[PDB]
């Protein structure tokens, strides 16, 4: 069953994130304390409320972006691909992720190709196939290694020209539902993805591109669950998600990490055992 998960890997925020974390725009100062509170609430939802077994990795001051675990690992069934981030400063993040996943007894595959780069944020897994964004963080060689690692799934690439990663404007919101931003760029990317697949996906358009990034889970005792941005952050988008009456909607804040280009999917890696 798509979206099913039993465990989730997360990582604590390092003090260095406030001023050293990578960001496309240097503007509003990050409130570290508040960022820690939002992370605590985020982890509380996944672990306490939804009952997932949480694996909490310690923060590393030398790795300002270590909180965004999604970018260093792509998991599909029992196999985990340890990526080679497009950002040199984030490559050491793979060390602790590899150890964590190996402890969970998952088939490990490392991206050692010195000419290949891939960020987990550029990978959209629909449960049926993979869509990989080609951006400044992920290249053709990286997409090729992904396709080789998960041979039982189709892999198609799509240009990411306006955002950091593919998931900066889309994510799965349900079994056959893709949440997508209303921007022309986001809509154009979705058209390309849909044209390459032989399966017709349903789409849920939201006014705020960054609000199109949500976390969908299928919990045995609750059913369809969706973590999305709060009404305070993006009221117009939260209102759209209200249409999903068969989903257990859970508002989750992430305003501080968004300052360093971090969205909801970025802070976790879901695994099903």
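Positions refer to the first chain, counted from 1. Take the two forms, find the largest set of C-alpha atoms that superpose within 1.5 Å, and that set is the rigid core.
Q: Please indicate which stretch deviates more in 5 other deposited structures of this protein: 246 to 254 or 16 to 24, judged by C-alpha RMS distance after a core superposition?
A: Comparing 16 to 24 with 246 to 254, the one that moves more in 5 other deposited structures of this protein is 16 to 24.
**Q.** Core-aligned Cα RMS comparison in 5 other deposited structures of this protein - stretch that moves more, 27 to 35 or 48 to 56
**A.** Greater root mean square C-alpha distance in 5 other deposited structures of this protein: 27 to 35.
Q. Which has the higher mean CA temperature factor in the PDB entry, 115 to 123 or 93 to 101?
A. Between 115 to 123 and 93 to 101, it is 93 to 101 that shows the higher mean C-alpha B-factor.
**Q.** Given 80 to 88 and 164 to 172, the range whose Cα B-factors average higher in the PDB entry
**A.** It is 80 to 88 that shows the higher mean C-alpha B-factor.
Q) Between 209, 60, 36, 70, which one tops the list for C-alpha B-factor in the PDB entry? A) The record points to 60.
Q. How does residue 56 rank on Cα B-factor within its chain, lowest, middle or highest third?
A. For residue 56, whose C-alpha B-factor we compare with every modelled residue in the chain, the answer is the highest third.
Q.
Looking at the temperature factor on the CA atom of residue 224, which third of the chain's modelled residues does it land in?
A. CA B-factor rank for residue 224: middle third.
Q.
Please say which third, lowest, middle or highest, residue 109 falls into when its CA temperature factor is compared across its chain.
A. Top third by C-alpha B-factor.
Q.
Lowest, middle or highest third: which one holds residue 184 when the chain's residues are ordered by CA B-factor from the entry?
A. It falls in the top third of the chain.
Q. Residue 20's Cα B-factor: lowest, middle or highest third of the chain?
A. For residue 20, the deposited C-alpha B-factor lands in the highest third.
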